[PDB]
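Working notes, beginning with the structure itself.
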Amino acid sequence: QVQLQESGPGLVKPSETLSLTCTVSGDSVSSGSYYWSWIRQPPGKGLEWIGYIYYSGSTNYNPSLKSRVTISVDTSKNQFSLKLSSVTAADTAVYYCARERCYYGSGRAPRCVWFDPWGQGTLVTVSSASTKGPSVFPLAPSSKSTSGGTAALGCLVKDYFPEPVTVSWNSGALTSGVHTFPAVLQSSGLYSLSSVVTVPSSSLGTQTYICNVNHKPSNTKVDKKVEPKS
Amino acid sequence: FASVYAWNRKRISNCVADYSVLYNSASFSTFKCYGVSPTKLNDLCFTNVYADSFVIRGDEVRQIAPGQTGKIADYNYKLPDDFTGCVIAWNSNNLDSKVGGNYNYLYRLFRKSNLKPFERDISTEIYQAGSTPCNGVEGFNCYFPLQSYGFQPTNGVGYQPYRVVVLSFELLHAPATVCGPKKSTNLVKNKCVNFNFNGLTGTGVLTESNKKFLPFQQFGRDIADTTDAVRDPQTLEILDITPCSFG
Amino acid sequence: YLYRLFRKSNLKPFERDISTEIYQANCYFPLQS
Amino acid sequence: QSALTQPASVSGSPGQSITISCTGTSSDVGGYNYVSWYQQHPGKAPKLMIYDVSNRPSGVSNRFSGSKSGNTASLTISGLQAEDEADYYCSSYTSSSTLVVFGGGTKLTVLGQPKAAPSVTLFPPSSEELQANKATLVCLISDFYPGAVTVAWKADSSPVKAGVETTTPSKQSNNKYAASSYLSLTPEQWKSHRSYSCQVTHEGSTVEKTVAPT
Ligand SMILES: *[C@@H]1O[C@H](CO)[C@@H](O[C@@H]2O[C@H](CO)[C@@H](O)[C@H](O)[C@H]2NC(C)=O)[C@H](O)[C@H]1NC(C)=O
Ligand SMILES: *[C@@H]1O[C@H](CO)[C@@H](O)[C@H](O)[C@H]1NC(C)=O
């Protein structure tokens with residue numbers, strides 16, 4: 001099978017030129033037979049199409065976004081990338097990369113349809129609130145959280161601007177009871193969230209419960225252990 | 001010109017071919033000769049010359065050569081491995097590229113197996129990549145096999161259309177055929193000067209004659225069989241070829 | 001092992017020609033790897 | 001141009017049949033044989049299940065099927081499940097300039113479920129945060145399928161309305177909801193009042209939890 005992944009994020013400012021880069025795995029780029037494309041989606045709104053490149057170098061773009069976007073191919077690392085210049089505040093969207101099927105035309109450009117495997121989608125925002133790293137606290141398991149057979153503990157990761165942030169439990173080990181709640185946007189302008197997991201009350205401190213906090217726009221990586229209250 | 005997936009094929013035949021007007025025209029961006037270096041073409045004779053014609057991209061002119069690979073040489077036009085002729089190519093951006101894209105120049109991009117040299121394939125069956133049968137309809141792993149260069153005048157070089165002509169000299173086993181043209185020089189009568197009269201090679205003094213050949217006879221011979229008169233091809237007058245002076 | 005030169009001389013015997021002035025007029029060079 | 005996905009929202013009962021239409025402009029979208037449908041779960045990339053105009057790719061449920069009529073395109077289902085709540089978009093290959101057009105999106109809902117109980121969980125500011133010269137109370141709500149929750153915060157006896165932030169309800173995998181609220185406090189106010197509490201009201205019913213500083 002094939003897979004797709006995007007890279008090159010960062011709280012881009014206004015009037016810059018951002019660059020995303022989609023890499024492919026499981027199918028060569030220069031093989032013909034598929035047309036690699038780009039699709040954005042502003043949040044809470046529908047999809048819209050941007051462009052495509054074929055392996056020769058033939059391009060197409062959306063006429064509303066024309067004269068502003070160039071997309072190009074690297075056949076050395078099997079990846080393709082767009083660059084959109086003079087960015088306004090309206091382009092704060094989620095950006096997918098996908099391939100298209102693109103049936104053969106008849107002496108008049110080639111028509112394409114259905115698409116195939118959509119990228120992973122990396123939210124890219126555009127503002128002037130700069131960026132900040134998260135502050136982490138462990139929310140200890142307590143008898144006020146304990147009830148019978150189980151008790152809950154978690155990690156509070158707060159005050160960060162660069163929206164995509166992740167917290168795992170024990171390097172991705174525990175998948176039972178682990179729930180990360182939607183981040184909240186404060187009046188200060190910074191986000192905050194808390195992820196909690198329940199675990200048998202016989203196992204308050206017994207095993208390892210370390211939340212792994214990773215902030216991808218920055219490079220923050222911190223592991224915090226949660227233990228019952230003193 | 002003609003497409004790249006259905007090239008043309010003209011069979012030049014008995015004629016007088018002057019590859020010098022080609023070689024020195026300086027309008028050609030690529031003039032490679034393989035079996036035979038270019039300047040010696042106007043001095044050889046073969047049985048047949050074939051000329052193939054088509055149109056490709058700018059940077060696919062390097063696959064028109066013996067022993068290459070790529071979408072063009074694999075299955076559009078394959079040159080044998082002991083080629084003999086010459087390959088000529090020149091840019092044609094202003095003729096073949098039109099604003100909005102000239103979608104009339106196609107090429108084949110999928111085939112079961114690479115072509116045999118000088119083999120040609122104009123079929124249009126739906127190609128079948130995967131194992132699933134296609135039944136003549138498109139879909140995943142069922143692709144139409146022809147794509148089209150969309151040529152446009154604002155394309156960087158190496159994406160503008162180039163026209164290509166491949167001359168292939170072949171020598172079956174006939175008696176002869178096309179060859180180059182033979183030059184000529186003024187005739188100086190009366191002076192032991194070497195001479196060649198359309199094949200007759202000799203030496204001696206040339207003099208105005210007063211014999212009368214029949215109007216199909218070229219040269220005259222003596223008893224004991226030595227050439228002693230000729231007829232000048234251009235002016236058609238008889239000249240006595242007396243041996244040089246000796247003693 | 002850069003052998004295979006091409007020239008005008010046609011090389012009457014036991015002489016050897018060493019020089020580089022191009023047969024470029026697309027382009028050519030009297031040497032081949 | 002844009003092939004208006006007919007209706008925006010859509011209601012459905014679990015089990016029988018839902019049909020979603022997709023109308024647009026003329027034969028540049030309707031009178032062609034190239035339309036596709038996509039399912040996007042909330043927080044995921046979309047995924048096709050219908051192409052050309054009615055073809056199921058290698059491995060999808062058999063409930064998915066579509067058809068074409070004039071300038072409208074149809075997509076129907078033949079038996080509903082709880083995991084089919086998503087958005088749905090149309091595609092299409094025009095001839096104008098925008099090459100490919102996209103739908104506006106329809107929301108499929110699975111009406112039918114039993115009033116769940118909003119499980120509440122409250123946490124006081126951790127010790128490191130106390131040393132950090134700040135304090136935050138954490139009120140988590142989960143599994144309360146009908147989503148009209150609201151929250152009120154309590155100091156020892158009185159209600160408070162400053163320093164609190166409340167998430168809008170978010171749908172989980174089990175297609176019920178979850179929410180969260182935060183209370184900002186200076187640690188001296190944290191020890192000032194002997195205890196705080198978070199109460200949540202939901203369909204008239206109410207459940208509250210309470211924590212006291214140490
Ligand atoms: C070959 O070509 C030459 C010219 O290139 C011909 O010479 C002409 O001969 C006629 C005699 O009938 C003269 O009136 C012309 O003035 C000549 N032309 C020139 C340019 O001198 C010659 O006749 C041709 N060969 C044959 C067999 O006709
Ligand atoms: C002497 O000079 C001639 C110049 O024509 C050159 O070709 C030749 O190689 C030289 N002799 C030797 C032994 O190299």
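Naming works like this for the structure tokens: A, B, ... for the chains as they're shown, residue 1 at the start of each chain, ligands 1 onward in shown order.
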
Self-check item: Residues of chain A within 6 Å of chain D, only C-alpha atoms counted, as number ranges by chain
Solution: A: 46, 62, 114, 139, 184

Exercise. List all protein, DNA and RNA residues that have at least one atom no more than 7 Å from any atom of ligand 1, counting only C-alpha atoms and all ligand atoms, and write them as JSON, numbers by chain.
Key: {"B": [233, 234, 235]}

Exercise. With a cut-off of 7 Å and counting only C-alpha atoms, select all residues of chain A in contact with chain B and give the selection as number ranges by chain.
Key: A: 104, 107-109

Would you mind exporting C-alpha atoms of the selected residues as a JSON list (two decimals), in the first residue's frame?
```json
[["chain", "number", "residue", "atom", "x", "y", "z"],
["A", 104, "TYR", "CA", -7.08, 10.79, -20.24],
["A", 107, "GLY", "CA", -6.53, 16.96, -27.20],
["A", 108, "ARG", "CA", -7.47, 19.37, -24.44],
["A", 109, "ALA", "CA", -5.82, 18.80, -21.07]]
```

Quiz item: What lies within 7 Å of residue 8 of chain B using only C-alpha atoms, ignoring chain neighbours under 3 positions off, as an NGL selection string?
Solution: :B and (2 or 52-54)

Can you write just those residues out, N, CA and C atoms, as a tab-separated table (two decimals), in the first residue's frame?
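Dumped to part_31.tsv:
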```tsv
chain	number	residue	atom	x	y	z
B	2	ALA	N	4.83	14.43	-37.66
B	2	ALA	CA	4.07	13.27	-37.22
B	2	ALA	C	4.29	12.98	-35.74
B	52	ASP	N	12.81	8.69	-40.96
B	52	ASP	CA	11.70	8.68	-40.02
B	52	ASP	C	11.56	10.05	-39.38
B	53	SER	N	10.33	10.46	-39.13
B	53	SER	CA	10.06	11.82	-38.69
B	53	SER	C	9.11	11.82	-37.52
B	54	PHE	N	9.38	12.67	-36.52
B	54	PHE	CA	8.43	12.83	-35.43
B	54	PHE	C	8.79	14.05	-34.60
```

Practice problem: Point out the residue among B:164, B:137, B:230, B:224 with the least atom-to-atom distance to chain D, counting only C-alpha atoms. | Solution: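 For chain D, the nearest of the candidates is B:137.
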
Exercise. Go through the chains and note each residue within 7 Å of ligand 2, using only C-alpha atoms and all ligand atoms, then give the set as a VMD selection string.
Key: chain C and resid 15 to 17

Emit the selected residues as a short mmCIF file (atom, residue, chain, number, x, y, z; two decimals), in the first residue's frame, including C-alpha atoms.
```cif
data_model
loop_
_atom_site.label_atom_id
_atom_site.label_comp_id
_atom_site.auth_asym_id
_atom_site.auth_seq_id
_atom_site.Cartn_x
_atom_site.Cartn_y
_atom_site.Cartn_z
CA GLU C 15 53.94 8.99 -34.75
CA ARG C 16 51.63 10.07 -31.94
CA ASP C 17 49.58 13.26 -31.68
#
```

If DSSP is run on the backbone, what residues of segment 31-187 of chain D are strand (DSSP E or B)? A reply as a compact mmCIF listing (two decimals) with N, CA, C and O atoms, in the first residue's frame would be ideal.
```txt
# COMPACT_ATOMS: atom_id res chain seq x y z
N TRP D 37 -17.66 10.60 -3.89
CA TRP D 37 -18.14 10.91 -2.56
C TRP D 37 -17.05 10.62 -1.53
O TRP D 37 -16.25 9.70 -1.69
N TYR D 38 -17.01 11.43 -0.48
CA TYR D 38 -16.00 11.27 0.54
C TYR D 38 -16.56 11.37 1.96
O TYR D 38 -17.42 12.20 2.25
N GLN D 39 -16.04 10.52 2.83
CA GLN D 39 -16.44 10.48 4.23
C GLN D 39 -15.28 10.96 5.07
O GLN D 39 -14.19 10.38 5.02
N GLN D 40 -15.50 12.00 5.85
CA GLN D 40 -14.48 12.55 6.72
C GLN D 40 -14.96 12.45 8.15
O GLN D 40 -15.96 13.08 8.52
N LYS D 47 -12.11 10.08 3.06
CA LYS D 47 -11.91 8.76 2.49
C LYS D 47 -13.01 8.49 1.48
O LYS D 47 -14.19 8.70 1.79
N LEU D 48 -12.64 8.06 0.28
CA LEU D 48 -13.64 7.83 -0.75
C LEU D 48 -14.29 6.48 -0.57
O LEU D 48 -13.71 5.58 0.04
N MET D 49 -15.50 6.33 -1.07
CA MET D 49 -16.12 5.01 -1.10
C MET D 49 -16.92 4.82 -2.38
O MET D 49 -17.46 3.74 -2.63
N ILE D 50 -17.01 5.87 -3.19
CA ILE D 50 -17.84 5.88 -4.38
C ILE D 50 -17.11 6.66 -5.46
O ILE D 50 -16.70 7.80 -5.23
N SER D 65 -24.00 3.12 -1.87
CA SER D 65 -24.36 3.06 -3.28
C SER D 65 -24.86 4.43 -3.70
O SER D 65 -25.38 5.18 -2.87
N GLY D 66 -24.70 4.75 -4.98
CA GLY D 66 -25.13 6.03 -5.49
C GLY D 66 -25.69 5.91 -6.89
O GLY D 66 -25.64 4.84 -7.51
N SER D 67 -26.19 7.03 -7.41
CA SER D 67 -26.73 7.06 -8.75
C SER D 67 -26.74 8.49 -9.26
O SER D 67 -26.41 9.43 -8.53
N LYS D 68 -27.14 8.64 -10.51
CA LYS D 68 -27.14 9.92 -11.20
C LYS D 68 -28.50 10.18 -11.83
O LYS D 68 -29.16 9.28 -12.35
N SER D 69 -28.94 11.43 -11.76
CA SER D 69 -30.17 11.85 -12.44
C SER D 69 -30.08 13.30 -12.89
O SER D 69 -30.22 14.21 -12.07
N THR D 72 -28.51 16.30 -10.83
CA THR D 72 -28.33 15.92 -9.45
C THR D 72 -27.69 14.55 -9.38
O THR D 72 -27.92 13.68 -10.23
N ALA D 73 -26.88 14.36 -8.35
CA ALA D 73 -26.24 13.08 -8.07
C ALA D 73 -26.72 12.62 -6.71
O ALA D 73 -26.91 13.43 -5.80
N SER D 74 -26.91 11.32 -6.57
CA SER D 74 -27.50 10.78 -5.36
C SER D 74 -26.52 9.82 -4.71
O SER D 74 -25.74 9.17 -5.40
N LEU D 75 -26.57 9.77 -3.39
CA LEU D 75 -25.84 8.79 -2.59
C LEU D 75 -26.79 8.25 -1.54
O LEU D 75 -27.38 9.03 -0.79
N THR D 76 -26.96 6.94 -1.48
CA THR D 76 -27.89 6.36 -0.53
C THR D 76 -27.22 5.30 0.33
O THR D 76 -26.19 4.72 -0.05
N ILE D 77 -27.80 5.07 1.50
CA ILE D 77 -27.37 4.03 2.42
C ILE D 77 -28.55 3.09 2.64
O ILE D 77 -29.71 3.48 2.44
N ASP D 87 -19.09 13.71 7.95
CA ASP D 87 -19.48 14.64 6.92
C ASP D 87 -19.40 13.93 5.58
O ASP D 87 -18.78 12.88 5.45
N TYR D 88 -20.06 14.50 4.57
CA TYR D 88 -20.04 13.90 3.26
C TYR D 88 -19.95 14.98 2.20
O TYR D 88 -20.68 15.98 2.25
N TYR D 89 -19.06 14.78 1.24
CA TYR D 89 -18.78 15.77 0.22
C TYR D 89 -18.92 15.13 -1.15
O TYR D 89 -18.77 13.92 -1.31
N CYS D 90 -19.19 15.96 -2.15
CA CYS D 90 -19.23 15.51 -3.53
C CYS D 90 -18.03 16.06 -4.27
O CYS D 90 -17.48 17.10 -3.93
N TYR D 93 -15.96 16.72 -12.12
CA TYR D 93 -15.02 17.26 -13.10
C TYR D 93 -15.72 18.16 -14.11
O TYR D 93 -16.42 17.68 -15.00
N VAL D 100 -11.73 20.80 -10.89
CA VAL D 100 -12.56 19.98 -10.01
C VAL D 100 -13.26 20.81 -8.94
O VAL D 100 -12.64 21.66 -8.31
N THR D 106 -22.50 17.63 4.13
CA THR D 106 -23.72 17.26 4.82
C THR D 106 -23.37 16.53 6.10
O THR D 106 -22.50 15.66 6.11
N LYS D 107 -24.07 16.85 7.18
CA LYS D 107 -23.84 16.20 8.47
C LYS D 107 -24.86 15.10 8.69
O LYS D 107 -26.06 15.36 8.79
N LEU D 108 -24.37 13.86 8.77
CA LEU D 108 -25.22 12.72 9.05
C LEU D 108 -25.26 12.44 10.54
O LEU D 108 -24.21 12.25 11.18
N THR D 109 -26.46 12.41 11.11
CA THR D 109 -26.63 12.15 12.53
C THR D 109 -27.41 10.86 12.77
O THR D 109 -28.30 10.51 11.99
N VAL D 110 -27.06 10.15 13.84
CA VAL D 110 -27.72 8.90 14.18
C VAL D 110 -28.69 9.09 15.34
O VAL D 110 -28.44 8.63 16.46
N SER D 119 -20.54 11.83 33.40
CA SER D 119 -19.53 11.53 34.40
C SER D 119 -18.63 12.74 34.60
O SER D 119 -18.04 13.25 33.65
N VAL D 120 -18.53 13.19 35.85
CA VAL D 120 -17.78 14.39 36.20
C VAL D 120 -16.56 13.97 37.00
O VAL D 120 -16.59 12.98 37.73
N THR D 121 -15.47 14.72 36.84
CA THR D 121 -14.24 14.46 37.57
C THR D 121 -13.53 15.79 37.81
O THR D 121 -13.33 16.56 36.87
N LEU D 122 -13.13 16.04 39.04
CA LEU D 122 -12.59 17.34 39.42
C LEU D 122 -11.20 17.14 40.02
O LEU D 122 -10.96 16.17 40.74
N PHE D 123 -10.29 18.05 39.70
CA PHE D 123 -8.92 18.02 40.17
C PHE D 123 -8.49 19.38 40.69
O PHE D 123 -8.77 20.41 40.04
N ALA D 135 -2.56 28.64 40.29
CA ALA D 135 -3.48 27.58 40.68
C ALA D 135 -4.56 27.45 39.62
O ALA D 135 -5.06 28.46 39.11
N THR D 136 -4.93 26.22 39.29
CA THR D 136 -5.98 25.98 38.31
C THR D 136 -6.78 24.76 38.73
O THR D 136 -6.22 23.69 38.98
N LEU D 137 -8.10 24.93 38.81
CA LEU D 137 -9.02 23.84 39.03
C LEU D 137 -9.43 23.25 37.69
O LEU D 137 -9.62 23.99 36.72
N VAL D 138 -9.59 21.93 37.65
CA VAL D 138 -9.81 21.21 36.40
C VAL D 138 -11.08 20.39 36.53
O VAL D 138 -11.13 19.45 37.34
N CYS D 139 -12.10 20.71 35.74
CA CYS D 139 -13.38 20.00 35.77
C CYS D 139 -13.59 19.33 34.42
O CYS D 139 -13.73 20.01 33.41
N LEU D 140 -13.62 18.00 34.41
CA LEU D 140 -13.79 17.22 33.19
C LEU D 140 -15.16 16.57 33.19
O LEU D 140 -15.60 16.03 34.21
N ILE D 141 -15.84 16.62 32.05
CA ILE D 141 -17.15 16.02 31.87
C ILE D 141 -17.04 15.05 30.71
O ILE D 141 -16.38 15.35 29.71
N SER D 142 -17.69 13.89 30.83
CA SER D 142 -17.56 12.91 29.77
C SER D 142 -18.80 12.03 29.70
O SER D 142 -19.54 11.88 30.69
N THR D 150 -24.17 22.40 30.84
CA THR D 150 -23.63 23.68 31.30
C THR D 150 -23.01 23.51 32.68
O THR D 150 -23.29 22.52 33.36
N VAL D 151 -22.19 24.47 33.08
CA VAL D 151 -21.33 24.33 34.25
C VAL D 151 -21.44 25.58 35.10
O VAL D 151 -21.65 26.68 34.58
N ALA D 152 -21.32 25.41 36.42
CA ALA D 152 -21.21 26.52 37.36
C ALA D 152 -20.17 26.18 38.42
O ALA D 152 -20.05 25.03 38.86
N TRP D 153 -19.42 27.20 38.84
CA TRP D 153 -18.31 27.02 39.76
C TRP D 153 -18.61 27.66 41.11
O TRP D 153 -19.23 28.72 41.19
N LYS D 154 -18.13 27.01 42.17
CA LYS D 154 -18.50 27.35 43.53
C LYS D 154 -17.27 27.51 44.41
O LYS D 154 -16.43 26.60 44.48
N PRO D 159 -21.38 31.24 44.30
CA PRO D 159 -20.96 31.00 42.92
C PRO D 159 -19.91 32.02 42.50
O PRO D 159 -19.83 33.12 43.04
N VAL D 160 -19.08 31.61 41.54
CA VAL D 160 -18.04 32.48 41.00
C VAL D 160 -18.20 32.54 39.48
O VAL D 160 -18.66 31.58 38.87
N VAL D 164 -12.83 31.40 34.65
CA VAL D 164 -13.26 30.07 34.22
C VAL D 164 -13.37 30.04 32.70
O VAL D 164 -13.85 30.99 32.08
N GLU D 165 -12.90 28.95 32.10
CA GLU D 165 -12.97 28.72 30.66
C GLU D 165 -13.64 27.38 30.42
O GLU D 165 -13.36 26.41 31.14
N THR D 166 -14.51 27.32 29.43
CA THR D 166 -15.34 26.15 29.19
C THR D 166 -15.26 25.72 27.74
O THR D 166 -15.62 26.49 26.84
N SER D 170 -17.43 18.10 22.63
CA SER D 170 -16.77 17.46 21.51
C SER D 170 -17.15 15.99 21.46
O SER D 170 -17.22 15.32 22.49
N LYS D 171 -17.39 15.49 20.26
CA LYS D 171 -17.83 14.12 20.09
C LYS D 171 -16.66 13.15 20.15
O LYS D 171 -15.62 13.38 19.53
N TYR D 177 -20.37 12.72 24.03
CA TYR D 177 -19.64 13.98 24.10
C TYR D 177 -18.72 14.03 25.31
O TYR D 177 -18.74 13.17 26.19
N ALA D 178 -17.91 15.08 25.33
CA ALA D 178 -16.96 15.35 26.39
C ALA D 178 -16.69 16.84 26.42
O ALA D 178 -16.82 17.52 25.40
N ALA D 179 -16.34 17.35 27.60
CA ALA D 179 -16.09 18.77 27.76
C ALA D 179 -15.15 18.98 28.94
O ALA D 179 -14.87 18.06 29.70
N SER D 180 -14.68 20.21 29.09
CA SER D 180 -13.73 20.53 30.13
C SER D 180 -13.83 22.00 30.48
O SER D 180 -14.21 22.82 29.64
N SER D 181 -13.50 22.33 31.72
CA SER D 181 -13.50 23.70 32.20
C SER D 181 -12.36 23.90 33.18
O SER D 181 -11.98 22.98 33.92
N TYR D 182 -11.81 25.11 33.16
CA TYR D 182 -10.64 25.47 33.94
C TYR D 182 -10.96 26.68 34.79
O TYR D 182 -11.69 27.57 34.35
N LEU D 183 -10.43 26.70 36.00
CA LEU D 183 -10.63 27.79 36.93
C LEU D 183 -9.27 28.35 37.31
O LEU D 183 -8.41 27.61 37.79
N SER D 184 -9.08 29.65 37.11
CA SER D 184 -7.83 30.32 37.43
C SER D 184 -7.89 30.89 38.84
O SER D 184 -8.88 31.54 39.20
N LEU D 185 -6.84 30.66 39.62
CA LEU D 185 -6.79 31.08 41.01
C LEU D 185 -5.36 31.39 41.41
O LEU D 185 -4.43 30.70 41.01
```

Exercise. Please provide the set of residues having any atom within 10 Å of residue 81 of chain B, restricted to only C-alpha atoms, with same-chain residues fewer than 5 positions apart removed, written as a PyMOL selection string.
Key: chain B and resi 65-68+117

Quiz item: For chain C, which residue among B:1, B:118, B:31, B:197 is the nearest when counting only C-alpha atoms?
Solution: B:31

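Proximity ranking of C:19, C:28, C:14, C:33 relative to residue 2 of chain C places C:33 first, based on only C-alpha atoms.
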
Fewer than 6 positions away in the same chain doesn't count, so skip those; otherwise give me all residues within 10 Å of residue 27 of chain C, counting only C-alpha atoms, as a PDB file with N, CA and C atoms, in the first residue's frame.
```
ATOM      1  N   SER B  29      20.144  21.733 -34.336  1.00  0.00           N
ATOM      2  CA  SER B  29      20.723  21.726 -33.011  1.00  0.00           C
ATOM      3  C   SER B  29      21.430  20.426 -32.691  1.00  0.00           C
ATOM      4  N   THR B  30      21.154  19.357 -33.422  1.00  0.00           N
ATOM      5  CA  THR B  30      21.805  18.084 -33.142  1.00  0.00           C
ATOM      6  C   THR B  30      22.002  17.355 -34.451  1.00  0.00           C
ATOM      7  N   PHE B  31      23.236  16.990 -34.774  1.00  0.00           N
ATOM      8  CA  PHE B  31      23.513  16.224 -35.985  1.00  0.00           C
ATOM      9  C   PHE B  31      24.555  15.173 -35.642  1.00  0.00           C
ATOM     10  N   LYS B  32      24.117  14.006 -35.207  1.00  0.00           N
ATOM     11  CA  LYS B  32      25.047  12.952 -34.841  1.00  0.00           C
ATOM     12  C   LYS B  32      25.028  11.881 -35.904  1.00  0.00           C
TER      13      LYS B  32
END
```

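Separating atom CA of residue 39 of chain B from atom CA of residue 199 of chain B is a distance of 22.4 Å.
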
Practice problem: Might you pull out every residue within 8 Å of residue 29 of chain A, with only C-alpha atoms counted and same-chain residues fewer than 6 positions away left off, and present them as a ChimeraX atom specification? | Solution: /A:55,75,78-79

Those same residues, written as a CSV table (one decimal), in the first residue's frame with C-alpha atoms?
```
chain,number,residue,atom,x,y,z
A,55,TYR,CA,5.9,13.7,-13.3
A,75,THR,CA,12.4,12.6,-7.6
A,78,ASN,CA,10.2,10.9,-3.7
A,79,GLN,CA,8.5,14.1,-2.5
```

Quiz prompt | Residues near residue 14 of chain B, cut-off 10 Å, only C-alpha atoms, skip fewer than 4 positions along chain, as an NGL selection string | solution = :B and (46-49 or 176-179)

Based on the selection just made, write N, CA, C and O atoms of those residues as a CSV table (one decimal), in the first residue's frame.
```
chain,number,residue,atom,x,y,z
B,46,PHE,N,24.6,3.5,-51.1
B,46,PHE,CA,23.9,2.4,-50.4
B,46,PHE,C,22.7,1.9,-51.3
B,46,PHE,O,22.7,2.2,-52.5
B,47,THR,N,21.9,1.1,-50.7
B,47,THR,CA,20.7,0.5,-51.4
B,47,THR,C,19.5,1.3,-51.1
B,47,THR,O,18.7,1.5,-52.1
B,48,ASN,N,19.2,1.6,-49.9
B,48,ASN,CA,18.1,2.4,-49.5
B,48,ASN,C,18.4,3.3,-48.4
B,48,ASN,O,19.3,3.0,-47.6
B,49,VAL,N,17.8,4.5,-48.3
B,49,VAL,CA,17.8,5.4,-47.2
B,49,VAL,C,16.4,5.5,-46.7
B,49,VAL,O,15.5,5.7,-47.5
B,176,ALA,N,22.9,-1.8,-56.6
B,176,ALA,CA,23.3,-0.4,-56.3
B,176,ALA,C,22.1,0.4,-56.0
B,176,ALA,O,20.9,0.0,-56.0
B,177,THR,N,22.3,1.7,-55.8
B,177,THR,CA,21.3,2.7,-55.5
B,177,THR,C,21.8,4.1,-55.2
B,177,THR,O,22.9,4.4,-55.6
B,178,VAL,N,21.0,4.9,-54.6
B,178,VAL,CA,21.4,6.3,-54.4
B,178,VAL,C,22.9,6.5,-53.9
B,178,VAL,O,23.4,5.7,-53.1
B,179,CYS,N,23.5,7.5,-54.5
B,179,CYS,CA,24.8,7.9,-54.0
B,179,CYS,C,25.0,9.4,-54.1
B,179,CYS,O,24.1,10.1,-54.7
```

Quiz item: For chain B against chain C, which residues fall within 12 Å using only C-alpha atoms, given as a PyMOL selection string?
Solution: chain B and resi 23-33+37+87-90

Exercise. From a DSSP pass on the backbone, collect the residues of segment 5-212 of chain A flagged as helix (DSSP H, G or I) and hand them back as a count of residues only.
Key: 9

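Reported to one decimal place, the separation of atom CA of residue 72 of chain A from atom CA of residue 89 of chain A is 24.2 Å.
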
Practice problem: Would you work out the distance separating atom CA of residue 141 of chain A from atom CA of residue 197 of chain D, expressed in Å to one decimal? | Solution: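 Atom-to-atom, atom CA of residue 141 of chain A and atom CA of residue 197 of chain D are spaced 17.6 Å apart.
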